Amino acid sequence: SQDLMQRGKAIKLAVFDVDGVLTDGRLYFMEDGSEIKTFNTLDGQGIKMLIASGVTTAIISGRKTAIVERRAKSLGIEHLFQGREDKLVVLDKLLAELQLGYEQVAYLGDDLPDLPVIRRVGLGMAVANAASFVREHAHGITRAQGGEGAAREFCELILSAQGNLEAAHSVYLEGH
Amino acid sequence: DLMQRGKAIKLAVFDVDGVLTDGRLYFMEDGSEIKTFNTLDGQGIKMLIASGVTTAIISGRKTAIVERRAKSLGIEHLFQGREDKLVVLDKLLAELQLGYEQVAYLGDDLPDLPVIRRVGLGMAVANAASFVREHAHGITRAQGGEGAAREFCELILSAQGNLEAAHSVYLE
Amino acid sequence: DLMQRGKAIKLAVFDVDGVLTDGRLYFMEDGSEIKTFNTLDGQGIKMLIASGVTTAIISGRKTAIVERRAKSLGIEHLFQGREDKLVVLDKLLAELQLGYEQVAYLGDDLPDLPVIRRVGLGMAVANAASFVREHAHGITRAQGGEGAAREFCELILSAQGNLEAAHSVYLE
Amino acid sequence: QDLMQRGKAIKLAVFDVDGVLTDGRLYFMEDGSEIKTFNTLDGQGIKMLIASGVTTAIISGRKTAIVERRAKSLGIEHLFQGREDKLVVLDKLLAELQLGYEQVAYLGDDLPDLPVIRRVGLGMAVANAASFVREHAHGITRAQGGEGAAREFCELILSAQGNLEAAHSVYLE
Ligand SMILES: [Cl-]
Ligand SMILES: [Cl-]
Ligand SMILES: [Cl-]
Ligand SMILES: [Cl-]
Ligand SMILES: [Mg+2]
Ligand SMILES: [Mg+2]
Ligand SMILES: [Mg+2]
Ligand SMILES: [Mg+2]
């Protein structure tokens, strides 16, 4: 896709939704009300490579849980917003602070609360399992599903657009 | 016709296991349970409620997990440990002064079938038992616990011309 | 022919992991397990029991989780931590006074094979090791943990003409 | 035949954990503790491999007692966790066992496995491996990690070494 590659070039900030994007969208509940969530190892590797390439990252979530706080910290995610349903307001405040334009922002989502952002940013993507209305209004859909490498693919699409994937791969393959 | 059946709906009822969940039962060594729901499903149920359709759950099982989940979503009527689902329904229909033709029901297995057979919009999830699928008016594309409920909700919103308005909150 | 092999069945025997579950083992840090079962399977086992076929589980692993699940389902005979499945079965058969031809067994791996090869209806689930699939009388279309046990129960009920009645309950 | 040929000389079979022995999911509870899932087909395959005289190892960049217990339950003789440089660890282990790269098989799913995968005699990826790894491995299993890929890999080695029949024989009497 000419359009996605081109949209990838200007990205300085990559924002992820949590449930449905970093997870497969399942909520595990125990009888006491505590939760379990699941993330994916390909995704963690993708996010680390993206950050190492100079792209900053953020998560904006309508829910709130220490599990997400821990995961974000482990991956080096620099900006974490939880318990925020108004995602565009949150983003606008982040961008005012970092002084970036919408065209410098990539966002990966799965559902309606992600849509006001997806519609505005430079690289607004849906995961394959995303609500179809969100799919139809995004710039691109990942092939992989959330919690199954969608976030990794998003990461690689950006690294590739910016000419940085090859360098990332050379760390692990001696021929390049 | 499915859209026609959807128009008249005033009450949408869900089974739990196999419909709000994927049918899996998780047990720890001491017998406590874990259960999985889906976020697409929650957004769908919240949008149906907002549209003015009331919702209920009827389950043969019983767990605090489901009470919490029902409350978090604003589900107005919850019946658990009830194997006789049509008797539960009849009672609720009395309280609400509704007939069968105004009830949608989303089910996955034999105990849901007496209801599915009788209501205005009786649907099975994709993973439902084949015999239930055969006797339902419709079958969702999505599987239970993987957005079959969100799909059921939108079907009803769409049928009632309320889906565009629910989307408009996010396109402004 | 499978329908023919189903007729004489008086005892139905299940492996646990990969048959009543998807083959996944969940472990927590402290070392304790979580196991997952499926609601279609439970409904299927209850109907088969109600038709007058008795049920058993033979497993090489051992956990209180499986004991509780067996009890909840009304599974009559439970053997865990058993390496030689054929030895265990021979003894149960002597005690119940049945021949191999009256036994159905559903398994997923090598330890199940000596039984599967000897009984009247020796079946593998879809996700079974291919060597076991190749030496079974039949293979369920569904995967373990995902309704393969249900499917196996319905094959017996159907072979014995009892499925139609089991369904009728839900058509009234 | 190429894979069959590489399998002949194997004396050590090494596995990544996440994405190879598991489907790659990481389960976290509120208090930080984890759950991990393994697969019973995989356990049988690994036990059969060991029984044939091929030793086994695990090299992971993560660290959890769950893996320690799983490896001990399966009889996996060598375990290294928290190890970012997988080759460095393999080299240390090979000198101890006095084995060479050509006698090693490795089953991986992501970039940190690729340098080992490129060095060894039988360097395989699972079906769900990052595609760049799949492209550079000697071979790819049909099965996905956590769903029998390890079993399929074990059986490849067993068969290559004329040992699968004997493994199956126990169950044909
Ligand atoms: Cl990770
Ligand atoms: Cl939700
Ligand atoms: Cl059940
Ligand atoms: Cl095992
Ligand atoms: Mg989401
Ligand atoms: Mg159900
Ligand atoms: Mg088994
Ligand atoms: Mg890995």
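Sequence lines set the chain letters: A, B, ... in the order given, protein chains first and strands last, and positions in each chain run from 1.
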For chain C, find which of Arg151(D), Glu155(D), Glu152(D), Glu147(D) contributes the most heavy-atom pairs closer than 4.5 angstrom.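 The residue among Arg151(D), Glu155(D), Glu152(D), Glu147(D) with the greatest pair count is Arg151(D).
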Top contributor to chain C contacts, counting heavy-atom pairs under 4.5 Å, from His168(D), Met48(D), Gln44(D):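 Among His168(D), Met48(D), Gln44(D), the one with the most close pairs to chain C is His168(D).
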Could you state the interatomic distance from [atom1] ([X]) to [atom2] ([Y]), rounded to the nearest 0.5 Å?
X: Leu106(C); Y: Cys153(C); atom1: CG; atom2: SG; answer: 8.5 Å
X: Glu102(D); Y: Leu122(D); atom1: CD; atom2: CG; answer: 11.5 Å
X: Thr63(C); Y: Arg68(C); atom1: OG1; atom2: CZ; answer: 8.0 Å

Is a side-chain donor-acceptor pair under 3.5 Å present for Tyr101(D) with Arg119(D)?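 A pair is found: one side chain offers a donor N or O, the other an acceptor, under 3.5 Å apart.
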Ring-ring centroid check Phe152(C) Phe14(C), cutoff 6.0 Å: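 Yes - the distance between ring centres of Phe152(C) and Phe14(C) falls below the 6.0 Å cut-off.
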Name the region of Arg117(C), side chain, backbone, both or neither, that has any atom closer than 4.5 Å to a heavy atom of chain D.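 It is the side chain, since no backbone atom gets that close.
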Heavy-atom contact with chain D under 4.5 Å, split by part of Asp109(C):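 Just the side chain, heavy atoms under 4.5 Å.
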Run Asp2(D) and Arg6(D) through salt bridge (charged side-chain N to carboxylate O under 4.0 Å, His left out) and show every step you take. CA-CA 6 Å; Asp2(D) 176 58; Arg6(D) 293 169 176 291; 3.2 Å; yes
Tell me, which pairs form a salt bridge (charged side-chain N to carboxylate O under 4.0 Å, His left out) where one or both residues lie in residues 71-90 of chain C, sequence neighbours left out?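 For residues 71-90 of chain C, and leaving out neighbouring residues, the salt bridge (charged side-chain N to carboxylate O under 4.0 Å, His left out) pairs sorted by first residue read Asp15(C)-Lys85(C), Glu67(C)-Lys71(C), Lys85(C)-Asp112(C).
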Treating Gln143(C) as the side-chain partner and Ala148(C) as the backbone partner, does any N or O pair qualify as donor plus acceptor under 3.5 Å?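 No, because the side chain of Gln143(C) does not come within donor-acceptor range (under 3.5 Å) of the backbone of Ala148(C).
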Give the interface residues of residues 25-38 of chain C toward chain D, defined by a heavy-atom separation under 4.5 Å.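 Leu25(C), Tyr26(C), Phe27(C), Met28(C), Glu29(C), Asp30(C), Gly31(C), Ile34(C) fall under the 4.5 Å cut-off.
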Output the option from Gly18(C), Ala128(C), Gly23(C) having the highest count of non-hydrogen pairs under 4.5 Å with chain D.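 So the answer, after comparing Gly18(C), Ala128(C), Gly23(C), is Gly23(C).
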Chain C heavy atoms under 4.5 Å from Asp23(D): which part of the residue, side chain, backbone, both or neither?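 For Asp23(D), the side chain is the part near chain C, not the backbone.
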Would you indicate whether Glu135(D), at its atom CD, is surrounded by more than 12 heavy atoms from other residues, nucleotides or ligands within a distance under 6.0 Å?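 Atom CD in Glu135(D) is packed in, count exceeds 12.
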